[PDB]
Amino acid sequence: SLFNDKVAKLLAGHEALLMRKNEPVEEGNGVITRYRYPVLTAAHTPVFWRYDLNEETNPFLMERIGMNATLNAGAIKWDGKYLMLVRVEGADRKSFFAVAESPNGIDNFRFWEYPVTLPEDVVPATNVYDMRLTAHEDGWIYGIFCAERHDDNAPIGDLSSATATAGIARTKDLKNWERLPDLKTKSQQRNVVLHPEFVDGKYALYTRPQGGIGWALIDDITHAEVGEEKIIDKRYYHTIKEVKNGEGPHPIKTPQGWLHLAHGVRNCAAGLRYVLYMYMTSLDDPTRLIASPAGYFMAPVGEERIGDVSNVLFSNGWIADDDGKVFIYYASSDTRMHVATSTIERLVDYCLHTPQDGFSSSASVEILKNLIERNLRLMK
Amino acid sequence: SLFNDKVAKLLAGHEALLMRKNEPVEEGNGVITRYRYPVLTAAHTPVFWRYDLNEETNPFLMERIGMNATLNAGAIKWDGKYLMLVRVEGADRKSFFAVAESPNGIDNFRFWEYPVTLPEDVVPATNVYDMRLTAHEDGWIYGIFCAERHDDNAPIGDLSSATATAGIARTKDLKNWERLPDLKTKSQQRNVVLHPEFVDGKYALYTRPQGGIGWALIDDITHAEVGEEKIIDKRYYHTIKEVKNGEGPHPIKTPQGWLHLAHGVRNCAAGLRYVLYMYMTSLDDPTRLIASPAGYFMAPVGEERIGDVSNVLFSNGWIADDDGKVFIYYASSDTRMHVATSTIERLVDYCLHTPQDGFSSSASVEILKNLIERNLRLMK
Amino acid sequence: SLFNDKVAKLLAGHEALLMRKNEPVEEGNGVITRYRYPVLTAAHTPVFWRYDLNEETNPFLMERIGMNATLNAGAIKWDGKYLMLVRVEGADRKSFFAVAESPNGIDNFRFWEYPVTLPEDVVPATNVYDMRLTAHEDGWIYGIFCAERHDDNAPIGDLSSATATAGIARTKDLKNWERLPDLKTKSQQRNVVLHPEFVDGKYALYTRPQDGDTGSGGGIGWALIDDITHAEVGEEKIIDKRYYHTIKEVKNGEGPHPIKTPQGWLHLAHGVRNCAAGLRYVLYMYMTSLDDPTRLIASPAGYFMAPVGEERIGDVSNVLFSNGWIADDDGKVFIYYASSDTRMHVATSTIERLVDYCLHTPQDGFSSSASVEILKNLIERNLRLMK
Amino acid sequence: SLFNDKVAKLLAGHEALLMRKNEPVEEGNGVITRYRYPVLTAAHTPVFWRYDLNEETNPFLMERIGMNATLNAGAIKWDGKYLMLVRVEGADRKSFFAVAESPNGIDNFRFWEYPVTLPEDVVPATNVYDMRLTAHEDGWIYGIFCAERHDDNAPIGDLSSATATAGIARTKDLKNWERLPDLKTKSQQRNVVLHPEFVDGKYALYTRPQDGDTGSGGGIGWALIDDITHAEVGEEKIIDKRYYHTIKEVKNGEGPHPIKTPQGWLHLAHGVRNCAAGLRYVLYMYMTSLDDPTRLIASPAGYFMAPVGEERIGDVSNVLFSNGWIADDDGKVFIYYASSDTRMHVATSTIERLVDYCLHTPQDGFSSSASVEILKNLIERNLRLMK
Amino acid sequence: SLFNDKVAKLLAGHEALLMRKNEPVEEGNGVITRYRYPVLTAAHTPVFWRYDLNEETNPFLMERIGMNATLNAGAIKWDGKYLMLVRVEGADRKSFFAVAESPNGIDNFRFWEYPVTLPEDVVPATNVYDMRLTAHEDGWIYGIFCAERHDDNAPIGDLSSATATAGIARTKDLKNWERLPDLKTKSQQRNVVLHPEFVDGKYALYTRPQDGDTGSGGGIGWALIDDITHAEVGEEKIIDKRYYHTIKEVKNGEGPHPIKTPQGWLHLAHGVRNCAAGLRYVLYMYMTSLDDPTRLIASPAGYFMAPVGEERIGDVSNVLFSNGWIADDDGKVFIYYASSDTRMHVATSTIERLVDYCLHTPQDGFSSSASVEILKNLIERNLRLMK
Ligand SMILES: O=P(O)(O)O[C@H]1O[C@H](CO)[C@@H](O)[C@H](O)[C@@H]1O
Ligand SMILES: O=P(O)(O)O[C@H]1O[C@H](CO)[C@@H](O)[C@H](O)[C@@H]1O
Ligand SMILES: O=P(O)(O)O[C@H]1O[C@H](CO)[C@@H](O)[C@H](O)[C@@H]1O
Ligand SMILES: O=P(O)(O)O[C@H]1O[C@H](CO)[C@@H](O)[C@H](O)[C@@H]1O
Ligand SMILES: O=P(O)(O)O[C@H]1O[C@H](CO)[C@@H](O)[C@H](O)[C@@H]1O
């Protein structure tokens, strides 16, 4: 029948999309390797999420639930597989979470047949987004995310003013999630991320109160409340992290220190511009900066530049294999998910040996002239 | 001569552009079919609008009047042809109206040799735009449009603050236009559209006072003044119509009710984002909502994402043929005109059977899980 | 596992290929419409024809039986579907027959899981090819094909000399084939095709007699046969002749059996000429009378189709060939033609358009001067009109 | 109406094709510059040559007279324009001649509305082709071409054997052609070309005698003719010879008539060799003396041009051929060459560059060892320089 | 200056071409992996082979010595690098040999600055081609190649008749070549290749005897030679035979010398058949016994590789040819094959995969019926599995 043929073609085209082999982009900077194709797009969502496949109730075979974007994904290595905790945004403008898995980390990502069922906390949330997964030493996988609600204090007619809390959920199988109480805090918090080890016998969170990225020790993750907050990485005038910054995924432990991936924001004539940057902190004291490479680590290139919210890169997930290979999962323009690959050694090299920002054009020129001089002497 | 050869090539290239066959995009969602090429672009404007073709006064053969964009077009089926009432924006940044016609509705649109001569109302307007055509049962074709003027109340140096009225013109041939008085109203009005039937023996307008899309009965279209205004379709926090919405073309009458096409706006880091959405109202009471499919009906895809004002779809025109075929004319990024095709039956199906927005991530997930469950049971 | 993933990808990519929607080429001549993609290629053969899918016996997952080409296909409308009787050439250089079916006639052709099992006649054949299907009024589907054998009577070291007979098989399900005796004949025969109606109560074959080398072979012939189960040509009449400096100079041959129209029998054939690059094969058409199928009533000049674009290149370049087409009740015609002995294409038209083409394309006057006069006549008419 | 819209689209698309600006290919060898597009293809022939534009007689708007190829064109600068004398091959396999003109020489070639009306000589010809135009000092434009006829003296069934004469026509407007008697000759003649100056007060032809098969045919010949209106070759001298294992091994032939330069006559020819795929045709150049046009003074080794890219493929693949070029007063040269007997291309150079190429491309020493020594000499010079 | 800028651009573009990273083609058959780009083309030859870079003597900066093709390359692993012994064909139609080296085997092949200087044997040769390199256990690298000469004993005008001997040269640095006497033989010999081990204390050659025309030539032969410095074939045994209606019907010939594996000698050859477009060349494999290298132990049916895509087209289209491959210690195999006598490609595999292919690709049963039965067996196994 024509209908059954149409369904068979939808499924077949979908498998071909899902199984497509990714290829590295051979032109790069020696730090990260980009890939030809996104790892996830709205089109990667299962056909059976979008279409009613029953001819009796959907004779025209049209989509019943539109999917708009797959972005800002958390990430975890799980029972030998590479997993993203994807922020999926429907056509209805709500986001929800969904696990997608790949055998190799760069392609053949496929969503689990059901998305994430996330219980509400005492106060229901309208939107949930940007989950950071932490396999904590206490044996739980924590997902720390943004829980957004309409701002009650807003003037009538204002349907846009919003408040956000740090939502805290934990799981041991990524299917059954226990919702702990929202992070209690005096200042509003976004980009909250759980450090994977106890520090002074306490849970440690990366925070962004709304100075920069902060550090807060928490006695009880099941009754989490920020008290003291220490700033780790600061905003600076005329850098890539001028207006805002925020921690991405939780940092990777290396013998040289904690390796961090964050985003920085500035304002330009086209709106806000988001890029990724890195920093390192000490193993002895994770609050202490030990590497501050100047500038951005990654910025939108090519197709990445354009989407629902253009001029944005964002990452809240990466995976480092035992052999040192690193898979960085980053969204572009709040629309799609990409992967970039590197190694711990290369990322540490980049962090340690990219000159620090001297904070002015003159300083930048002197750093550059020093490198040129060395190279010309070599090339002679 | 070299000049005459150059003119002959301009005309020949233009005819080739105008006559190019459009092709449907085979990948779609079963609701609407997109097409490979725009139906109109600035390059579609006649060569003789842009160039002085006289070698004596234009020996270099350069454009004398630049055309920048062809957007936000009204639409009407006219004496067997498919017509757009195009908003054409010159390089001089002013818009004017111009009729363009096609024999088939998807390609070979060609502008009438002269654009629209639109008489001013008592107070002259600086810009005119976004005309909605209504073949009213009173025998007139009405064009309801935006008439924009500089805001007199603005502080010195402010050359941007503007006011807008709803301009009202009518015609029986789309060449000779009678300008009626601007809509009188206490609140500023935009996206005003004439309903094609009398209601309670009165003219009925779709309005957007500046809550949502409104309905206003008007005794006399030649002395039009809004009194009572009823809200039909509301803005909602965290939907595609959060900050603004507005009626597109006048709705299509179907046996199931009035079929509406509108736009919804939200704000993001890149500015305002415009998408299209649909709703239905009752035949018995056109003020009563009877279908509210969740989310967007169409959003910018591919080339649509980029233009003078990126991240925008806008429609103020569509045509439904007697056989049920629907031609939807939508602009992308305030730059070019596109066509999408569907049918009344498919659009009604989409409106009735796309689940309503439950207004939260949890609700969205439950709706989705219900569909997944049905499909997996089927596919077993 | 990695192996199971590899198999899954092979199958998925294969389904994506098989299901790809064809699109017409909008640039055409108003007679036929070409399509963007071939309807069949070697890559369309099932994955399970080429690979051993068992990890134990094929751990590297390589092809065990290479497929080289899908060409020269017969065709028939069958229980509501569009069927090709494909000549499939393996990497081993042998051809065999295989049914492939489509719901619409222009795409989504899929091979039946098993190819054709064709019993040998008394003398075994080395290669079999180019089957023409005829749903004859006697209730059988006949396939008439070429059965080729090495010429044992060859100089030592000559492993190329061959002979060929017209093989005759019949079936009612396209799975179980009965092999009748090879056509008996004094000349070598090729491109033999069964006419679908009895004529004077006899079976009628289109023939192409030739000495080996065409030699004295005059063209496409007509032979009445008393008994298809003991077929032997006696008298044969030439219906469509070769001509110097036409597209059918060196050889010609009937393609599929002709289509009956109210205006006469509509024929599709191929014509051959020699050039510096070898032999060049194009398609051409002609019509014969309903009253007397041996009588030519339409001879449009020149070729009907010739290799265009990708068609020009393959194992045997500069060749178009057809031995199958389907005409639906509504007049729509699907022409299945191979290019360069490598792949199968479809072209579409209608009976009315093909008849128009045959009747109104001027006949060949056989010289440059004659060609120029015909052309000048048309130019003169057009220029007056365009005035 | 739908029909009128279809006609309008045919005409508009045709004008867009005709007016397309050509672009040079920036990758080259410094001798010639190739161009992105052909200057003529079958699709360049007027819409009103191919379609009947009258709805009453062609309601489906199909082509009535198919055009297959535009090739082997003569050329002449004419009243300020660049003209090709095109060999146009119809779908009917006959060739005829047609003038096409361009304002600039690299694009916007358009056929004159009518093709060439060429009167027959006393014995009618079946095919006519490959015309070389010579604006002779006697005030006439001559076209010397090949007139081909079937060889009546052929075995039965042989419809391919042909004979050919050198046809001679002259004109002063390229519309009204007077047909002189075919060249009388003891050997078959092909690629005959008229030298543009009297030599010893006689007409001089470039010739290419051959037994049929070239056979004893030594190469490109020179024959003095007393009276062009009663042309008969008596004595002929060979000017440019075939050589084993060069690009002109099996056959060669003059292309257009040579260009006079202060250094001598600049010649463009083609050379043929046989390979596994058939005959391979490339272009080559040579120069002869002003004092004695029979005397070779430059013989650059190897080919001047060979098929590149799209040129490699057509009705007769692996062929380049030229019988026309134009040199402007400023020294710019437009070379019109066909590829694969299918389409026409242009390549540009200058007289100085072409003379440079002929004089300084080392002569063929006729062996691998000799080729290596020439190459090692150049490498040695370059490496010293690059030091 | 403009000239110096032009030279700089030539050199820079050349380096960009030479350094381009090759990429594997992900669509394959699991046996061999093809690559997106050729490893060598005529454009890969050094800029200083083709252009005179001196402004004083080449002010227009044109090529003085055109390069036409890079084909049929021998190959050897050499001091850690991957080397091709390339047959380079000039525009002058002569071939000569030239070493090109790569660090990785799939890209960045660069010609040595000078090509090969090969001394003549007592009788000079006109063309030399197709060298197979053998690192023999006697400590020499031998190159066995074809040395071609005009057949002086030809009808007048015949400049195409040729004879060819097997040329024998040896070297220890690939720069200084000693030319031994041409192989003495009663039949013409071509595709002669040196086996890398003594057999019964003698040198062993793969041979391909033929009357001219292959004629009585049975296939690929084996000849024991007492003294490589005075090589003469006495008795020769045929190892791999031609067969009617296979890919090696008309001709066959050994490619590079075989690879020793624990399972036997792994052979790569080419096979030829005739078709309407001329001769068609494909690659095939076979294996012989370690105990007795004359004894066939594996004969996979059909072709190993045939022209795909861009490979189909060149100076001599429809040809694949290989006379070189390299197997690394880890089992990785680099197969260097020419397409269409025009360009060089690489394909990769492993010894295990190639052995798997040879052992488990079913043998040719030599008929359509036999091919169908083999295929039906595999289909039946697969369908059971897929259940
Ligand atoms: O809180 P942040 O650091 O400013 O990030 C926010 O903006 C990003 C860009 O739109 C989004 O990608 C994020 O989801 C988030 O809404
Ligand atoms: O009044 P609205 O609904 O906000 O629409 C306006 O913005 C659109 C997007 O730039 C424009 O396309 C429209 O022309 C209009 O100016
Ligand atoms: O018998 P014919 O008319 O000469 O056709 C033959 O040649 C064709 C072209 O190679 C092949 O396609 C055919 O299969 C056949 O071998
Ligand atoms: O006479 P020549 O030199 O062999 O040239 C002939 O062959 C050419 C190549 O097919 C054709 O292009 C020519 O028209 C001609 O038929
Ligand atoms: O001797 P063989 O086996 O017939 O091979 C010959 O033909 C090949 C194809 O043209 C060429 O590639 C070879 O160089 C050779 O001329």
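Residues numbered from 1 in each chain as written, not as in the entry; some residues may be left out. Chains lettered and ligands numbered in written order. Part of a larger assembly, values for the part shown. Heavy atoms only, no water.

Per the PDB entry, chain C goes by the name 4-O-beta-D-mannosyl-D-glucose phosphorylase and belongs to Bacteroides fragilis. According to the UniProt record, the Function comment for chain C is "Converts 4-O-beta-D-mannopyranosyl-D-glucopyranose (Man-Glc) to mannose 1-phosphate (Man1P) and glucose. Involved in a mannan catabolic pathway which feeds into glycolysis." Annotation of chain C in UniProt includes, under Sequence similarities, the sentence "Belongs to the glycosyl hydrolase 130 family." (UniProt positions renumbered as here; feature names shortened; annotations may be inferred.)

The PDB entry lists chain A under the name 4-O-beta-D-mannosyl-D-glucose phosphorylase, with Bacteroides fragilis given as the organism. As stated in UniProt under Function, the record for chain A gives "Converts 4-O-beta-D-mannopyranosyl-D-glucopyranose (Man-Glc) to mannose 1-phosphate (Man1P) and glucose. Involved in a mannan catabolic pathway which feeds into glycolysis." One UniProt comment on chain A, placed under Sequence similarities, says "Belongs to the glycosyl hydrolase 130 family."

K.L.:
Please set out the overall build of chain A residue by residue, giving values where relevant.
P.N.:
When helices and strands are counted, chain A shows 4 helices and 20 strands. The C-alpha atoms of chain A give a radius of gyration of 22 Å, which matches the 21 Å a tight globule of 380 residues would have. In terms of overall dimensions, chain A has a C-alpha envelope of 75 × 55 × 45 Å along the principal axes. Per-residue burial for chain A yields a buried fraction of 57% across its 380 residues. When the accessible area of chain A is evaluated, it comes to approximately 16500 Å², of which 51% is carbon and sulfur surface. (Helix = DSSP H or I, 4+ residues; strand = E, 2+ residues; numbered from the N terminus. Rg over C-alpha atoms; globule rule 2.2 N^0.38 Å. Buried < 20%, exposed > 50% of the residue type's maximum accessible area, 1.4 Å probe, protein only. Areas by Shrake-Rupley, 256 points an atom, 1.4 Å probe, with all protein chains shown as cover.)

K.L.:
I'd like to hear about the interface of chain E and chain C, residue by residue, with values.
P.N.:
Listed per partner, the contact involves 50 residues of chain E and 51 residues of chain C. Both sides together, the interface formed by chain E and chain C hides about 4500 Å², and carbon and sulfur atoms give 57% of it. The largest contributions to the chain E side of the interface with chain C come from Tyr244(E), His245(E) and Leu375(E), which together make up 16% of the buried area. Inspection of the chain E/chain C interface yields 5 salt bridges. In this structure, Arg64(C) engages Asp356(E) in a salt bridge whose closest nitrogen and oxygen atoms are separated by 2.9 Å. Counting across the interface, chain E meets chain C through 26 residue pairs in polar contact. Only β18 (264-275), α3 (351-360) and α4 (368-386) of chain E provide two or more residues apiece to the side of chain E that touches chain C. Per element, the largest residue contribution to the side of chain E that touches chain C is 15 residues, and it comes from α4(E). By residue class, the composition of the side of chain E that touches chain C is 22 nonpolar, 16 polar and 12 charged. (Contact = heavy atoms within 4.5 Å. Buried area = accessible area lost by both parts, 1.4 Å probe. Salt bridge = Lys/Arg side-chain N within 4 Å of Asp/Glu carboxyl O. Polar contact = N/O pair within 3.5 Å; in protein donor to acceptor, adjacent residues only side chain to side chain. Nonpolar A, V, L, I, M, F, W, Y, C, P; charged D, E, K, R; others polar.)

K.L.:
Can you lay out the relation of the copies chain D and chain C for me, pointing to particular residues and giving the numbers?
P.N.:
With an RMSD of 0.0 Å, the fit of chain D onto chain C corresponds to turning through 120 degrees and sliding 0.0 Å along the axis. The transformation relating the two chain copies, once decomposed into turn and shift, fits a three-fold axis. (Least-squares fit on C-alpha atoms.)

K.L.:
Any chance you could break down the site of ligand 2 for me, citing the residues and the numbers?
P.N.:
Residue and element names in this part refer to chain B. Taken together, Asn72, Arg87, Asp130, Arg190, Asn191, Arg208, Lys244, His263, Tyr274, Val309, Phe314 and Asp334 make up the full set of residues adjacent to ligand 2. Within the contact set of ligand 2, an oxygen atom lies 2.8 Å away from a side-chain nitrogen or oxygen of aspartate 130. Taking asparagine 191, its side chain carries an N or O atom lying 3.1 Å from an oxygen atom of ligand 2. In isolation ligand 2 has 390 Å² of accessible area, and contact with the protein removes 87% of it. Here the shell around ligand 2 is composed, by residue class, of 3 nonpolar, 3 polar and 6 charged. (Near = heavy atom within 4 Å.)

K.L.:
Please give an account of a nonpolar patch on the surface that cites residues and values.
P.N.:
Residue and element names in this part refer to chain A. A contiguous nonpolar patch, built from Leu368, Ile372, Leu376, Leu378 and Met379 and spanning about 560 Å² of accessible area, is present on the exposed surface. Residue position: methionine 379 is located in helix α4 (residues 361-379). With a relative accessible area of 66%, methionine 379 lands in the exposed category. (Patch = residues over 30% accessible without salt bridge, like charges linked within 9 Å, V, L, I, M, F, W, Y side chains within 5 Å.)

K.L.:
Please give an account of the packing of helix α1 (residues 2-19) of chain B against helix α1 (residues 2-19) of chain D that cites residues and values.
P.N.:
The interhelical angle for the contact between α1(B) and α1(D), taken along N-to-C directions, is 130 degrees, at an axis separation of 9 Å. Relative to α1(D), the element α1(B) lies oblique. Judged by the twist between their axes, the crossing of α1(B) over α1(D) is left-handed. Here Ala8(B), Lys9(B), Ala12(B), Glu15(B), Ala16(B) and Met19(B) of α1(B) come into contact with α1(D), specifically with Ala8(D), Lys9(D), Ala12(D), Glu15(D), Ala16(D) and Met19(D). (Axes fitted to C-alpha atoms, helices over the stretch in contact; angles between N-to-C directions. Parallel < 35°, antiparallel > 145°, perpendicular 65-115°, else oblique. Left-handed = near helix turned anticlockwise from the far one by under 90°.)

K.L.:
Got a sec to walk through helix α3 (residues 344-353) of chain A? Specific residues and values, please.
P.N.:
Residue and element names in this part refer to chain A. Of all the positions in α3, only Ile344, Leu347, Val348, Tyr350 and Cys351 are classed as buried. Seen end-on, α3 carries its buried residues on one side only, within an arc spanning 155 degrees. α3 presents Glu345 and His353 as exposed residues on the side facing more than 90 degrees away from its buried surface. (Arc of directions from axis to C-beta.)

K.L.:
Run through the arrangement of the chains, naming residues and quoting values.
P.N.:
Left apart from each other, chain A and chain D have a closest C-alpha approach of 16 Å. For the non-touching pair chain B and chain E, the nearest C-alpha separation works out to 16 Å.

K.L.:
Which residues make up the interface of chain D and chain C, and what values do they have?
P.N.:
Each side of the interface is counted separately: chain D has 51 residues, and chain C has 50 residues. Here chain D and chain C share 5 salt bridges between them. For the pair chain D and chain C, the interface holds 26 residue pairs in polar contact. Within the residue set of the side of chain D that touches chain C, elements represented by two or more residues are α2 (47-50), β2 (67-78), β4 (95-102), β6 (127-135), β7 (141-150) and β19 (278-288) of chain D. The residue inventory of the side of chain D that touches chain C, partitioned by class, reads 25 nonpolar, 14 polar and 12 charged.

K.L.:
I'd like to hear about the relation of the copies chain E and chain C, residue by residue, with values.
P.N.:
Placing chain E over chain C gives an RMSD of 0.0 Å and needs a rotation angle of 120 degrees, together with 0.0 Å of translation along the axis. Residue by residue, only 4% of the interface of chain E is reproduced at the interface of chain C, so the copies engage with different surfaces.

K.L.:
Can you explain the side chain of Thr261(D)? Please cite residues and give values.
P.N.:
Counting through the fold element by element, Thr261(D) comes out in strand β17 (residues 259-261). Contacts of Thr261(D), omitting those with residues within four sequence positions, involve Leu266(D), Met287(D), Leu290(D), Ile351(D) and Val355(D).

K.L.:
Would you mind going over the packing of aromatic side chains in detail, with residue names and values included?
P.N.:
In this description, a pair of aromatic rings is defined by centroid distance and the angle of the planes. The full count for this structure, using the stated rule, is 55 aromatic pairs over all chains. Arranged with centres 4.8 Å apart and planes meeting at 40 degrees, the rings of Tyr236(A) and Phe359(A) form a pair that is tilted. Separated by 123 residues along the polypeptide, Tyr236(A) in the loop between β12 (230-234) and β13 (244-247) and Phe359(A) in the loop between α3 and α4 bring together distant segments of the chain. Each ring, one from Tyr206(D) and one from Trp222(D), has its centre 5.3 Å from the other, and the planes form 75 degrees; the classification is edge-to-face. With respect to burial, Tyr206(D) and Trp222(D) carry one shared label: buried. In this structure an aromatic cluster arises from ring pairing among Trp49(A), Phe96(A) and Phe111(A). (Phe/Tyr/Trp six-rings, centres within 6.5 Å; stacked < 30°, edge-to-face > 60°.)

K.L.:
Let's hear about the side chain of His338(B): which residues, and what values?
P.N.:
Residues and elements named next belong to chain B. Turning to its location among the elements, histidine 338 is positioned in strand β20 (residues 336-343). The class of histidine 338 is buried, set by a relative accessible area of 1%. Looking at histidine 338, its side chain comes within polar contact range of the side chain of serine 332, at 2.7 Å. If near-sequence neighbours (up to four positions away) are discounted, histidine 338 is found in contact with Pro38, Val39, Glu303, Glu304, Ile328, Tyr329, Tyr330, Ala331 and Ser332.

K.L.:
Outline the site of ligand 1, listing residues and values.
P.N.:
All names here are of chain A. The full set of residues close to ligand 1 is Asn72, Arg87, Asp130, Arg190, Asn191, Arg208, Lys244, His263, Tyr274, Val309, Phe314 and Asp334. Between ligand 1 and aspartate 130, the relevant distance is 2.8 Å, taken from an oxygen atom to a side-chain nitrogen or oxygen of the residue. Within the side chain of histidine 263, a nitrogen or oxygen atom sits 2.4 Å from an oxygen atom of ligand 1. In isolation ligand 1 offers 390 Å² of accessible surface; the protein chains occlude 89% of this area. Split by residue class, the shell around ligand 1 holds 3 nonpolar, 3 polar and 6 charged.

K.L.:
Give a description of the sheet that holds strand β18 (residues 313-320) of chain B that names residues and reports values.
P.N.:
All names here are of chain B. Ordered in space as β18-β19-β20, the 3 strands form an open sheet in which the pairing is antiparallel. Edge positions in the sheet fall to β18 and β20, since each has one partner strand and no second. Strand-to-strand twist in this sheet, taken as the mean axis angle between neighbours without regard to direction, amounts to 25 degrees. For strand β19 (residues 325-332) and β20, the ladder comprises 8 bridges, and the chain directions are antiparallel. Each bridged residue has a counterpart across the sheet, and for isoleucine 328 the counterpart in β20 is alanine 340. (Pairing = 2+ DSSP bridges.)

K.L.:
I'd like to hear about the pattern of salt bridges, residue by residue, with values.
P.N.:
Going through the model one piece at a time under the given rule, you end up with 97 salt bridges over all chains. A salt bridge links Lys202(B) to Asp219(B); the nearest nitrogen and oxygen atoms lie 2.2 Å apart. Assessed through its relative accessible area of 29%, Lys202(B) is described here as partly exposed. Salt bridges here are not isolated pairs; linked through shared partners, they connect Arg149(A), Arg179(A) and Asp182(A).

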